[PDB]
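Novice: Take a look at start_14.txt, compact mmCIF, C-alpha atoms and all ligand atoms:
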```txt
# COMPACT_ATOMS: atom_id res chain seq x y z
CA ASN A 2 5.16 -5.77 103.40
CA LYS A 3 2.25 -4.42 105.45
CA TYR A 4 -0.12 -5.80 102.81
CA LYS A 5 0.71 -8.77 100.59
CA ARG A 6 -1.96 -7.78 98.04
CA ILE A 7 -3.59 -4.48 97.10
CA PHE A 8 -6.80 -4.52 95.06
CA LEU A 9 -7.34 -1.15 93.40
CA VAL A 10 -10.74 -0.49 91.78
CA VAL A 11 -11.33 2.54 89.59
CA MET A 12 -15.05 3.13 89.19
CA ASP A 13 -14.50 5.02 85.97
CA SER A 14 -15.95 8.59 86.00
CA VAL A 15 -17.75 8.15 89.36
CA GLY A 16 -17.25 11.71 90.64
CA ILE A 17 -18.39 13.04 94.00
CA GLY A 18 -18.97 16.72 93.19
CA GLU A 19 -17.35 19.71 91.48
CA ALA A 20 -13.68 20.37 92.25
CA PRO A 21 -12.39 23.81 93.38
CA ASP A 22 -11.19 24.51 89.82
CA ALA A 23 -14.37 23.33 88.04
CA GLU A 24 -15.16 26.81 86.65
CA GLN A 25 -12.08 26.71 84.34
CA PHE A 26 -13.55 23.63 82.65
CA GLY A 27 -17.19 24.79 82.41
CA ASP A 28 -18.04 22.28 85.14
CA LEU A 29 -19.73 24.43 87.82
CA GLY A 30 -22.63 22.52 89.38
CA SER A 31 -21.33 19.10 88.35
CA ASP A 32 -22.05 16.20 90.70
CA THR A 33 -21.95 12.68 89.24
CA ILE A 34 -23.08 10.50 92.19
CA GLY A 35 -25.31 13.26 93.62
CA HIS A 36 -27.33 13.89 90.47
CA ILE A 37 -27.66 10.16 89.85
CA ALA A 38 -28.90 9.69 93.43
CA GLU A 39 -31.55 12.40 92.88
CA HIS A 40 -32.67 10.89 89.56
CA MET A 41 -33.07 7.48 91.25
CA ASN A 42 -35.01 8.97 94.21
CA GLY A 43 -32.23 7.52 96.37
CA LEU A 44 -29.36 5.25 95.32
CA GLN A 45 -29.26 1.73 96.73
CA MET A 46 -25.57 1.23 97.52
CA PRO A 47 -25.64 -0.37 101.00
CA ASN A 48 -22.17 -1.91 100.70
CA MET A 49 -20.44 1.30 99.62
CA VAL A 50 -22.39 2.92 102.50
CA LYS A 51 -20.96 0.32 104.93
CA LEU A 52 -17.47 1.19 103.66
CA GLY A 53 -18.13 4.87 104.44
CA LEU A 54 -19.23 6.45 101.15
CA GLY A 55 -21.86 8.53 103.01
CA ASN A 56 -19.18 9.61 105.48
CA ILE A 57 -17.32 11.25 102.58
CA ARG A 58 -20.52 12.95 101.45
CA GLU A 59 -24.20 12.37 102.22
CA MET A 60 -26.41 12.03 99.15
CA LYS A 61 -29.94 10.80 98.47
CA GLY A 62 -30.10 7.21 99.77
CA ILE A 63 -26.45 7.36 100.83
CA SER A 64 -26.04 8.13 104.54
CA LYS A 65 -23.09 8.19 106.91
CA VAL A 66 -22.46 5.24 109.24
CA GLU A 67 -21.20 5.35 112.83
CA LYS A 68 -18.54 2.69 112.21
CA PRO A 69 -17.35 2.58 108.58
CA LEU A 70 -15.60 -0.68 107.62
CA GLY A 71 -12.58 1.24 106.35
CA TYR A 72 -10.98 4.65 105.96
CA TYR A 73 -12.52 7.30 103.73
CA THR A 74 -11.92 10.71 102.11
CA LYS A 75 -11.94 12.30 98.65
CA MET A 76 -9.14 13.16 96.22
CA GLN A 77 -8.52 16.30 94.19
CA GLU A 78 -6.97 16.11 90.71
CA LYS A 79 -3.72 18.13 90.48
CA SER A 80 -2.99 17.62 86.75
CA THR A 81 -4.19 20.12 84.13
CA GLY A 82 -6.68 17.86 82.34
CA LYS A 83 -9.77 15.77 83.18
CA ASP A 84 -9.28 13.12 80.45
CA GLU A 85 -8.95 9.31 80.68
CA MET A 86 -5.15 9.16 80.56
CA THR A 87 -4.46 12.10 82.88
CA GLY A 88 -6.52 10.67 85.78
CA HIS A 89 -5.05 7.17 85.59
CA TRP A 90 -1.48 8.41 85.11
CA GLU A 91 -1.78 10.67 88.15
CA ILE A 92 -3.23 7.79 90.23
CA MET A 93 -0.04 5.85 89.52
CA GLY A 94 2.33 8.62 90.57
CA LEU A 95 2.64 11.16 87.73
CA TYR A 96 1.83 14.82 87.15
CA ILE A 97 0.49 15.69 83.69
CA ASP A 98 0.76 19.32 82.53
CA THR A 99 -0.51 18.74 78.99
CA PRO A 100 -4.14 17.61 78.67
CA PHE A 101 -5.50 15.26 76.01
CA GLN A 102 -8.13 16.96 73.90
CA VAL A 103 -11.65 16.01 72.87
CA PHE A 104 -13.19 16.93 69.53
CA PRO A 105 -17.01 17.40 69.71
CA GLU A 106 -16.98 19.34 66.40
CA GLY A 107 -14.37 17.05 64.79
CA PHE A 108 -10.66 17.58 64.08
CA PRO A 109 -8.97 20.83 62.96
CA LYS A 110 -8.49 21.22 59.19
CA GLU A 111 -4.71 21.63 59.69
CA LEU A 112 -4.41 18.10 61.11
CA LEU A 113 -6.61 16.46 58.47
CA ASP A 114 -4.85 18.36 55.66
CA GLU A 115 -1.49 16.99 56.80
CA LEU A 116 -2.85 13.44 57.14
CA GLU A 117 -4.12 13.71 53.52
CA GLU A 118 -0.77 15.15 52.39
CA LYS A 119 1.17 12.28 53.98
CA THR A 120 -1.11 9.41 52.90
CA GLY A 121 -2.32 10.49 49.44
CA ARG A 122 -5.88 9.70 50.54
CA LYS A 123 -9.04 11.76 51.00
CA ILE A 124 -10.64 12.00 54.44
CA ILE A 125 -14.42 11.93 55.01
CA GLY A 126 -16.70 12.18 58.06
CA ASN A 127 -14.74 14.07 60.71
CA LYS A 128 -17.34 13.95 63.49
CA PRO A 129 -18.22 12.16 66.74
CA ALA A 130 -20.14 8.97 65.93
CA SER A 131 -20.58 5.37 67.03
CA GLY A 132 -19.01 2.69 64.80
CA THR A 133 -22.45 1.64 63.53
CA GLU A 134 -23.65 5.20 62.76
CA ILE A 135 -20.61 6.28 60.73
CA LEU A 136 -20.45 3.08 58.63
CA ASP A 137 -24.20 3.28 57.88
CA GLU A 138 -23.66 6.84 56.64
CA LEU A 139 -20.27 6.62 54.93
CA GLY A 140 -19.29 2.95 54.48
CA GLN A 141 -20.45 2.82 50.86
CA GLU A 142 -18.66 6.05 49.86
CA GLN A 143 -15.52 4.75 51.57
CA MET A 144 -15.69 1.49 49.55
CA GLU A 145 -16.26 3.26 46.22
CA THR A 146 -13.64 5.99 46.64
CA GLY A 147 -10.86 4.44 48.74
CA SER A 148 -11.18 7.43 51.08
CA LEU A 149 -10.65 7.21 54.85
CA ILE A 150 -13.49 7.60 57.34
CA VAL A 151 -12.07 9.61 60.25
CA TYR A 152 -14.21 9.94 63.36
CA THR A 153 -14.12 10.33 67.14
CA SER A 154 -15.95 9.34 70.32
CA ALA A 155 -16.71 11.51 73.37
CA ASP A 156 -13.19 10.64 74.63
CA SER A 157 -9.76 11.63 73.24
CA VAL A 158 -9.57 9.30 70.23
CA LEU A 159 -9.06 9.48 66.47
CA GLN A 160 -10.59 6.49 64.71
CA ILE A 161 -9.95 5.55 61.08
CA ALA A 162 -12.36 3.19 59.31
CA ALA A 163 -11.66 1.46 55.98
CA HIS A 164 -13.13 -1.62 54.29
CA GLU A 165 -10.74 -4.61 54.44
CA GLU A 166 -11.31 -5.46 50.76
CA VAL A 167 -10.58 -1.88 49.62
CA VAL A 168 -7.76 -0.80 51.93
CA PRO A 169 -5.38 -3.61 52.96
CA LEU A 170 -5.05 -3.99 56.75
CA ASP A 171 -1.30 -3.33 56.61
CA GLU A 172 -1.98 -0.09 54.71
CA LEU A 173 -4.61 0.97 57.26
CA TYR A 174 -2.12 0.31 60.08
CA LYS A 175 0.57 2.35 58.29
CA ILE A 176 -1.91 5.25 57.96
CA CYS A 177 -2.79 5.02 61.68
CA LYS A 178 0.92 5.17 62.59
CA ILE A 179 1.21 8.40 60.58
CA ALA A 180 -1.87 9.81 62.36
CA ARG A 181 -0.34 8.74 65.69
CA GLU A 182 2.82 10.73 64.85
CA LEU A 183 0.88 13.85 63.79
CA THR A 184 -1.26 13.85 66.96
CA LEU A 185 1.68 14.03 69.40
CA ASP A 186 1.21 17.77 69.26
CA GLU A 187 -0.55 19.94 71.81
CA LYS A 188 -2.31 21.74 68.92
CA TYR A 189 -4.46 18.56 68.79
CA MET A 190 -3.29 16.13 71.46
CA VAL A 191 -5.02 12.78 70.87
CA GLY A 192 -4.94 10.04 73.53
CA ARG A 193 -5.41 7.08 71.21
CA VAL A 194 -5.50 6.41 67.46
CA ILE A 195 -7.66 3.39 66.56
CA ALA A 196 -7.76 1.40 63.32
CA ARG A 197 -11.38 0.39 62.58
CA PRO A 198 -11.37 -2.10 59.69
CA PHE A 199 -14.79 -3.28 58.53
CA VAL A 200 -16.33 -5.73 56.06
CA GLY A 201 -19.70 -6.38 54.39
CA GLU A 202 -21.95 -4.62 51.89
CA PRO A 203 -24.09 -1.43 52.11
CA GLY A 204 -26.81 -2.00 54.73
CA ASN A 205 -24.75 -4.79 56.34
CA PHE A 206 -21.37 -3.42 57.50
CA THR A 207 -19.59 -4.92 60.52
CA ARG A 208 -16.38 -3.92 62.26
CA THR A 209 -13.86 -6.78 62.47
CA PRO A 210 -11.63 -7.80 65.41
CA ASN A 211 -8.65 -6.58 63.33
CA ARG A 212 -8.80 -3.33 65.32
CA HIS A 213 -5.34 -2.07 66.36
CA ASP A 214 -4.69 0.69 68.90
CA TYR A 215 -1.91 3.28 68.93
CA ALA A 216 -1.53 4.70 72.42
CA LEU A 217 1.01 6.92 74.15
CA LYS A 218 3.13 5.71 77.03
CA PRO A 219 2.62 7.52 80.38
CA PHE A 220 4.72 10.72 80.63
CA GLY A 221 7.00 9.13 83.21
CA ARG A 222 7.83 5.81 84.84
CA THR A 223 4.89 4.90 87.07
CA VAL A 224 4.51 3.00 90.34
CA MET A 225 3.43 0.03 88.15
CA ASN A 226 6.83 0.18 86.37
CA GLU A 227 8.54 0.11 89.79
CA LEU A 228 6.47 -2.85 91.02
CA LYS A 229 7.21 -4.90 87.89
CA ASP A 230 10.91 -4.02 88.04
CA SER A 231 10.97 -5.31 91.65
CA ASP A 232 9.42 -8.66 90.63
CA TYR A 233 5.95 -7.94 92.02
CA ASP A 234 2.78 -9.01 90.26
CA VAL A 235 0.83 -6.25 88.49
CA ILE A 236 -2.48 -7.66 87.26
CA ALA A 237 -4.40 -5.28 85.00
CA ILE A 238 -8.14 -5.90 84.59
CA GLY A 239 -10.23 -4.27 81.84
CA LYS A 240 -8.88 -1.20 80.06
CA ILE A 241 -6.02 -0.76 82.59
CA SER A 242 -3.31 -2.30 80.38
CA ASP A 243 -4.43 -0.15 77.42
CA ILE A 244 -4.52 3.05 79.53
CA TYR A 245 -0.87 2.60 80.57
CA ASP A 246 0.12 1.07 77.20
CA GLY A 247 1.16 -2.09 79.07
CA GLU A 248 3.75 -0.22 81.16
CA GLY A 249 4.53 -2.16 84.33
CA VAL A 250 1.87 -4.82 83.63
CA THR A 251 2.68 -8.50 84.32
CA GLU A 252 -0.76 -9.93 83.43
CA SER A 253 -3.76 -8.45 81.58
CA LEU A 254 -7.35 -9.69 81.80
CA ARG A 255 -9.81 -8.40 79.20
CA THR A 256 -13.37 -7.68 80.36
CA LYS A 257 -16.62 -7.20 78.41
CA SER A 258 -18.74 -5.53 81.14
CA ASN A 259 -18.76 -4.24 84.73
CA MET A 260 -20.12 -7.60 85.97
CA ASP A 261 -17.35 -9.37 84.04
CA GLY A 262 -14.89 -6.92 85.64
CA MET A 263 -16.05 -7.98 89.11
CA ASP A 264 -15.74 -11.66 88.05
CA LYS A 265 -12.11 -11.03 87.09
CA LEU A 266 -11.51 -9.22 90.40
CA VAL A 267 -12.84 -12.36 92.12
CA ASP A 268 -10.52 -14.46 89.91
CA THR A 269 -7.54 -12.44 91.21
CA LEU A 270 -8.70 -12.80 94.83
CA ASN A 271 -8.42 -16.58 94.18
CA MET A 272 -4.83 -16.20 92.90
CA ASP A 273 -1.70 -16.43 95.01
CA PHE A 274 0.05 -13.22 93.99
CA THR A 275 2.07 -10.52 95.75
CA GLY A 276 1.59 -7.02 94.39
CA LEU A 277 -1.25 -5.11 92.74
CA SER A 278 -4.56 -6.15 91.14
CA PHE A 279 -5.88 -3.10 89.28
CA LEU A 280 -9.44 -3.07 87.89
CA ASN A 281 -11.19 -0.42 85.79
CA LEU A 282 -15.00 -0.62 85.69
CA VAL A 283 -15.55 1.31 82.47
CA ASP A 284 -19.33 1.02 81.83
CA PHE A 285 -20.12 4.02 84.04
CA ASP A 286 -18.16 6.29 81.71
CA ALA A 287 -18.53 4.58 78.34
CA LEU A 288 -22.21 3.62 78.39
CA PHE A 289 -23.83 6.14 80.77
CA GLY A 290 -21.77 9.26 81.57
CA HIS A 291 -20.97 10.31 78.00
CA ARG A 292 -24.46 9.35 76.82
CA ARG A 293 -26.02 11.46 79.61
CA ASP A 294 -28.12 8.53 80.83
CA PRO A 295 -28.68 8.94 84.59
CA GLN A 296 -31.09 5.97 84.78
CA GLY A 297 -28.58 3.55 83.21
CA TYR A 298 -25.78 4.99 85.35
CA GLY A 299 -27.84 4.51 88.54
CA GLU A 300 -28.74 0.93 87.64
CA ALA A 301 -25.05 0.20 86.94
CA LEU A 302 -24.00 1.60 90.33
CA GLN A 303 -26.62 -0.56 92.07
CA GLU A 304 -25.51 -3.68 90.16
CA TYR A 305 -21.89 -2.95 91.12
CA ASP A 306 -22.72 -2.45 94.82
CA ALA A 307 -24.49 -5.81 94.99
CA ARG A 308 -21.26 -7.59 93.98
CA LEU A 309 -19.20 -6.20 96.88
CA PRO A 310 -20.13 -8.58 99.75
CA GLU A 311 -18.38 -11.46 97.96
CA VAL A 312 -15.25 -9.29 97.64
CA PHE A 313 -15.44 -8.53 101.40
CA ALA A 314 -15.74 -12.26 102.19
CA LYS A 315 -12.62 -13.11 100.15
CA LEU A 316 -10.27 -10.38 101.44
CA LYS A 317 -7.52 -11.68 103.73
CA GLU A 318 -6.07 -9.95 106.82
CA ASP A 319 -3.07 -8.86 104.73
CA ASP A 320 -5.14 -7.63 101.76
CA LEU A 321 -6.04 -3.99 101.13
CA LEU A 322 -9.02 -2.87 99.02
CA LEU A 323 -8.88 0.62 97.48
CA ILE A 324 -11.90 2.04 95.67
CA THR A 325 -11.75 5.35 93.82
CA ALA A 326 -12.49 7.12 90.49
CA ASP A 327 -10.43 8.99 87.85
CA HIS A 328 -12.64 12.10 87.13
CA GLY A 329 -16.37 12.88 86.96
CA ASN A 330 -18.81 12.40 84.07
CA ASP A 331 -22.11 13.86 85.27
CA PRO A 332 -24.97 12.29 83.26
CA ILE A 333 -27.13 15.41 83.84
CA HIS A 334 -24.61 17.98 82.57
CA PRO A 335 -24.44 19.89 79.26
CA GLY A 336 -22.41 18.42 76.38
CA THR A 337 -20.64 15.04 76.21
CA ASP A 338 -17.35 15.71 78.05
CA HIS A 339 -16.11 14.68 81.51
CA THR A 340 -16.64 16.84 84.58
CA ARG A 341 -13.89 18.19 86.84
CA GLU A 342 -14.84 16.63 90.16
CA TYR A 343 -13.44 15.29 93.39
CA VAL A 344 -13.33 11.49 93.46
CA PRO A 345 -14.16 9.23 96.44
CA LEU A 346 -11.50 7.17 98.20
CA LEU A 347 -12.32 4.13 100.34
CA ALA A 348 -9.55 2.03 101.89
CA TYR A 349 -10.48 -1.25 103.54
CA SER A 350 -8.72 -4.26 105.03
CA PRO A 351 -10.33 -6.93 107.27
CA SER A 352 -7.37 -6.28 109.61
CA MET A 353 -9.05 -2.94 110.51
CA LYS A 354 -10.72 -4.40 113.61
CA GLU A 355 -11.91 -0.99 114.89
CA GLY A 356 -13.20 0.12 111.49
CA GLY A 357 -11.90 3.24 109.76
CA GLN A 358 -11.59 6.99 110.18
CA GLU A 359 -11.57 10.07 107.97
CA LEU A 360 -8.32 10.63 106.08
CA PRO A 361 -7.08 14.13 105.22
CA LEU A 362 -8.27 15.11 101.72
CA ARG A 363 -5.83 13.79 99.09
CA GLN A 364 -4.35 16.80 97.26
CA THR A 365 -3.36 14.68 94.24
CA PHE A 366 -4.54 11.32 92.90
CA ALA A 367 -0.85 10.32 93.15
CA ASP A 368 -1.41 9.69 96.87
CA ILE A 369 -2.68 6.25 95.76
CA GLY A 370 0.57 5.51 93.88
CA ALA A 371 2.63 6.74 96.85
CA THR A 372 0.71 4.46 99.24
CA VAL A 373 1.18 1.44 96.95
CA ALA A 374 4.90 2.18 96.50
CA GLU A 375 5.50 2.56 100.26
CA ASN A 376 3.61 -0.66 100.96
CA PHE A 377 5.82 -2.73 98.63
CA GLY A 378 9.04 -0.86 99.47
CA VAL A 379 9.71 0.32 95.93
CA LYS A 380 10.98 3.73 94.73
CA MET A 381 8.57 6.48 95.80
CA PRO A 382 6.91 8.52 93.03
CA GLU A 383 7.94 12.16 92.57
CA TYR A 384 4.37 13.26 93.37
CA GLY A 385 1.95 12.00 96.00
CA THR A 386 1.93 11.50 99.76
CA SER A 387 1.34 8.01 101.15
CA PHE A 388 -1.49 7.38 103.64
CA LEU A 389 -0.24 3.86 104.45
CA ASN A 390 0.68 4.79 108.04
CA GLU A 391 -2.79 6.24 108.69
CA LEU A 392 -4.33 2.79 108.00
MN MN B 401 -18.97 20.86 81.77
MN MN B 402 -12.21 7.62 83.11
MN MN B 403 -14.61 9.04 79.19
MN MN B 404 -12.43 -10.02 111.00
MN MN B 405 -2.41 14.89 100.14
```
Mind turning the file's structure into structure tokens?
Specialist:
Amino acid sequence: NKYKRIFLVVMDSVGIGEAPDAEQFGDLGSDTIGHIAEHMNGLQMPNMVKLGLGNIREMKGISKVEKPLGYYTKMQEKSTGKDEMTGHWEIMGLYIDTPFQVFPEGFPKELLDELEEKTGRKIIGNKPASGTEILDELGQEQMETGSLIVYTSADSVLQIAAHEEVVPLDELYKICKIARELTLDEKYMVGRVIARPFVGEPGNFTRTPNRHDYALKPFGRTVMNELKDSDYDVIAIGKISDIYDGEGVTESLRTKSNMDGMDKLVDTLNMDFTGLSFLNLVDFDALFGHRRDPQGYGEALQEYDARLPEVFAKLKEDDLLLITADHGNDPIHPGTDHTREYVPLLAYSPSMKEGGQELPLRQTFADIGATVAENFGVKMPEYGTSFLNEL
């Protein structure tokens, strides 16, 4: 192998400006890093700058450097959709024609009618809401009636809440499996069904850790599958295992925050492994992008950047660091959905004694998968062109 270890970091939703096909999505004018930089009167990201972030694109507080530590470019999404699954699945070598849908006005009556028909239960709610909000509003009615609270987030999810003392957990799980079956339909294609059991009394409801998820497997065997099948380590950090439904994962490390994510990345740097360490930093998307909070997003990016020098110090000559994103989620954009954007790509190894250069623009996210596959000598993905030789 050229590199013994590849550390892949997805800064979730950290887009670098509208893609050529942004108009189709209602995403004209969308710039995630750029609008955040303007809100902050200049972003403080000196370590990303040293890597060459400004060399990809100059933004307020983010300037180009004469000698970037590593190679740099941006990537264009080839798949139809801009959702959580699509971006990650493409990164690992796939092409996804069928997008996962979001439901800002709730689910179609046709879907909910069939769920009622199959379960013999009434459905209430049917709106985007946080767990706390929907239980405060509907928890009591749910307890008294034995109905199901169905709700969604700003991402492609269908969540079903029921009180543990009113609907047995095993019955809730059975209902979620039915919902999972009904939502494998492009009429209303849902990424994830989530059981949301709760306990307590009116005015004091709490969700329990008895949450179960019902996810879809990637539409194809991924580069992670190939690595695992060839006895390489595939260490998933954060939501990565969930996103791929465990496919090709050899170890999964749960994280509770972006800072915790970086701690787990550092943990993997300290591990003797051969293969891929794959981190998703989700706070950018989950806390700040969807909530249209440019201040919080900017603070999070600055907190993330400050962690990087320790990562640089720990990288070995035969380690490669790859930093990218999955889509955009511009915190100063209408609505609550993602934005169709280019994503940055930074590729750094301490063995790059002369620093890096500009790479040709990556025409699909699958170029990452192709590079990883070529490095470890496993079956190449159907899509994607490796840039390993350029490094
Ligand atoms: Mn838009
Ligand atoms: Mn994402
Ligand atoms: Mn999202
Ligand atoms: Mn050196
Ligand atoms: Mn390309």
Novice: Please find the residues contacting ligand MN 403 (chain B) at a distance of at most 7 Å between atoms, with all atoms listed in the file counted, and report them as a PDB file with C-alpha atoms, in the frame of the given file.
Specialist:
```
ATOM      1  CA  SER A  14     -15.950   8.590  86.000  1.00  0.00           C
ATOM      2  CA  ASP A  84      -9.280  13.120  80.450  1.00  0.00           C
ATOM      3  CA  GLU A  85      -8.950   9.310  80.680  1.00  0.00           C
ATOM      4  CA  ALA A 155     -16.710  11.510  73.370  1.00  0.00           C
ATOM      5  CA  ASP A 156     -13.190  10.640  74.630  1.00  0.00           C
ATOM      6  CA  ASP A 286     -18.160   6.290  81.710  1.00  0.00           C
ATOM      7  CA  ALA A 287     -18.530   4.580  78.340  1.00  0.00           C
ATOM      8  CA  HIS A 291     -20.970  10.310  78.000  1.00  0.00           C
ATOM      9  CA  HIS A 339     -16.110  14.680  81.510  1.00  0.00           C
TER      10      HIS A 339
END
```
Novice: Considering only C-alpha atoms and all ligand atoms, state which residue in the set A:173, A:240, A:79, A:45 is at the smallest distance from ligand MN 405 (chain B).
Specialist: A:79
Novice: How would you report the residues lying within 12 Å of ligand MN 405 (chain B), as a list in words, if you count all atoms listed in the file?
Specialist: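 The residues near ligand MN 405 (chain B) are residues 74, 75, 76, 77, 78, 79, 360, 361, 362, 363, 364, 365, 366, 367, 368, 369, 370, 371, 372, 384, 385, 386, 387 and 388 of chain A.
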Novice: Using all atoms listed in the file, which residues have at least one atom no more than 9 Å from ligand MN 402 (chain B)? Output them as an NGL selection string.
Specialist: :A and (11-15 or 83-89 or 281 or 283 or 285-287 or 326-330 or 339)
Novice: Take the selection from the previous step and output its residues with C-alpha atoms, as an mmCIF file, in the coordinates of the input.
Specialist:
```cif
data_model
loop_
_atom_site.group_PDB
_atom_site.id
_atom_site.type_symbol
_atom_site.label_atom_id
_atom_site.label_comp_id
_atom_site.auth_asym_id
_atom_site.auth_seq_id
_atom_site.Cartn_x
_atom_site.Cartn_y
_atom_site.Cartn_z
ATOM 1 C CA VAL A 11 -11.330 2.540 89.590
ATOM 2 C CA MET A 12 -15.050 3.130 89.190
ATOM 3 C CA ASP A 13 -14.500 5.020 85.970
ATOM 4 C CA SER A 14 -15.950 8.590 86.000
ATOM 5 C CA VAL A 15 -17.750 8.150 89.360
ATOM 6 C CA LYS A 83 -9.770 15.770 83.180
ATOM 7 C CA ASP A 84 -9.280 13.120 80.450
ATOM 8 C CA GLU A 85 -8.950 9.310 80.680
ATOM 9 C CA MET A 86 -5.150 9.160 80.560
ATOM 10 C CA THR A 87 -4.460 12.100 82.880
ATOM 11 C CA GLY A 88 -6.520 10.670 85.780
ATOM 12 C CA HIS A 89 -5.050 7.170 85.590
ATOM 13 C CA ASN A 281 -11.190 -0.420 85.790
ATOM 14 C CA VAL A 283 -15.550 1.310 82.470
ATOM 15 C CA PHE A 285 -20.120 4.020 84.040
ATOM 16 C CA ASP A 286 -18.160 6.290 81.710
ATOM 17 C CA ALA A 287 -18.530 4.580 78.340
ATOM 18 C CA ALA A 326 -12.490 7.120 90.490
ATOM 19 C CA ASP A 327 -10.430 8.990 87.850
ATOM 20 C CA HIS A 328 -12.640 12.100 87.130
ATOM 21 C CA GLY A 329 -16.370 12.880 86.960
ATOM 22 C CA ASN A 330 -18.810 12.400 84.070
ATOM 23 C CA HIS A 339 -16.110 14.680 81.510
#
```
Novice: Neighbours of ligand MN 401 (chain B) at 9 Å or closer, counting only C-alpha atoms and all ligand atoms: which residues, as a PDB file with C-alpha atoms, in the coordinates of the input?
Specialist:
```pdb
ATOM      1  CA  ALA A  23     -14.370  23.330  88.040  1.00  0.00           C
ATOM      2  CA  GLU A  24     -15.160  26.810  86.650  1.00  0.00           C
ATOM      3  CA  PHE A  26     -13.550  23.630  82.650  1.00  0.00           C
ATOM      4  CA  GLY A  27     -17.190  24.790  82.410  1.00  0.00           C
ATOM      5  CA  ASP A  28     -18.040  22.280  85.140  1.00  0.00           C
ATOM      6  CA  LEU A  29     -19.730  24.430  87.820  1.00  0.00           C
ATOM      7  CA  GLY A  30     -22.630  22.520  89.380  1.00  0.00           C
ATOM      8  CA  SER A  31     -21.330  19.100  88.350  1.00  0.00           C
ATOM      9  CA  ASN A 330     -18.810  12.400  84.070  1.00  0.00           C
ATOM     10  CA  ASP A 331     -22.110  13.860  85.270  1.00  0.00           C
ATOM     11  CA  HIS A 334     -24.610  17.980  82.570  1.00  0.00           C
ATOM     12  CA  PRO A 335     -24.440  19.890  79.260  1.00  0.00           C
ATOM     13  CA  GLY A 336     -22.410  18.420  76.380  1.00  0.00           C
ATOM     14  CA  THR A 337     -20.640  15.040  76.210  1.00  0.00           C
ATOM     15  CA  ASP A 338     -17.350  15.710  78.050  1.00  0.00           C
ATOM     16  CA  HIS A 339     -16.110  14.680  81.510  1.00  0.00           C
ATOM     17  CA  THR A 340     -16.640  16.840  84.580  1.00  0.00           C
ATOM     18  CA  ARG A 341     -13.890  18.190  86.840  1.00  0.00           C
TER      19      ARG A 341
END
```
Novice: When you count all atoms listed in the file, which of these residues is closest to ligand MN 404 (chain B): A:254, A:34, A:183, A:70?
Specialist: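 The answer is A:70, which sits nearest to ligand MN 404 (chain B).
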Novice: Ligand MN 404 (chain B): which residues are within 8 Å, counting all atoms listed in the file, as a ChimeraX atom specification?
Specialist: /A:318,351-354
Novice: Those residues you just picked out, can you put them in a file as a compact mmCIF listing (two decimals), keeping the file's coordinate frame with C-alpha atoms?
Specialist:
```
# COMPACT_ATOMS: atom_id res chain seq x y z
CA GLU A 318 -6.07 -9.95 106.82
CA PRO A 351 -10.33 -6.93 107.27
CA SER A 352 -7.37 -6.28 109.61
CA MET A 353 -9.05 -2.94 110.51
CA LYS A 354 -10.72 -4.40 113.61
```
Novice: Quick one: everything within 8 Å of stretch 190-194 of chain A, counting all atoms listed in the file, minus sequence neighbours fewer than 5 positions away in the same chain. Send it as a PyMOL selection string.
Specialist: chain A and resi 86+100-103+157-161+177+180-181+184-185+214-217
Novice: Just stretch 240-249 of chain A, please, as an mmCIF file, in the first residue's frame (only N, CA and C atoms).
Specialist:
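New file decode-v6.cif:
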```cif
data_model
loop_
_atom_site.group_PDB
_atom_site.id
_atom_site.type_symbol
_atom_site.label_atom_id
_atom_site.label_comp_id
_atom_site.auth_asym_id
_atom_site.auth_seq_id
_atom_site.Cartn_x
_atom_site.Cartn_y
_atom_site.Cartn_z
ATOM 1 N N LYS A 240 -22.008 9.063 13.092
ATOM 2 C CA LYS A 240 -23.162 8.483 12.407
ATOM 3 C C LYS A 240 -22.803 7.605 11.195
ATOM 4 N N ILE A 241 -21.508 7.463 10.916
ATOM 5 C CA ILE A 241 -21.054 6.698 9.748
ATOM 6 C C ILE A 241 -21.649 5.287 9.692
ATOM 7 N N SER A 242 -21.563 4.526 10.781
ATOM 8 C CA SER A 242 -22.101 3.163 10.730
ATOM 9 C C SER A 242 -23.591 3.191 10.385
ATOM 10 N N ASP A 243 -24.349 4.056 11.063
ATOM 11 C CA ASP A 243 -25.781 4.207 10.773
ATOM 12 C C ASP A 243 -26.078 4.538 9.303
ATOM 13 N N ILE A 244 -25.298 5.455 8.736
ATOM 14 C CA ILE A 244 -25.513 5.957 7.370
ATOM 15 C C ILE A 244 -25.392 4.826 6.341
ATOM 16 N N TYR A 245 -24.463 3.909 6.592
ATOM 17 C CA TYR A 245 -24.236 2.764 5.702
ATOM 18 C C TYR A 245 -24.912 1.491 6.211
ATOM 19 N N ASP A 246 -25.739 1.635 7.247
ATOM 20 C CA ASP A 246 -26.373 0.493 7.923
ATOM 21 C C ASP A 246 -25.356 -0.607 8.255
ATOM 22 N N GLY A 247 -24.198 -0.188 8.765
ATOM 23 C CA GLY A 247 -23.148 -1.115 9.179
ATOM 24 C C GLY A 247 -22.381 -1.807 8.062
ATOM 25 N N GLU A 248 -22.739 -1.533 6.810
ATOM 26 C CA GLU A 248 -22.137 -2.251 5.683
ATOM 27 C C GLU A 248 -20.651 -1.951 5.528
ATOM 28 N N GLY A 249 -19.829 -2.983 5.699
ATOM 29 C CA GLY A 249 -18.382 -2.865 5.535
ATOM 30 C C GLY A 249 -17.659 -2.325 6.758
#
```
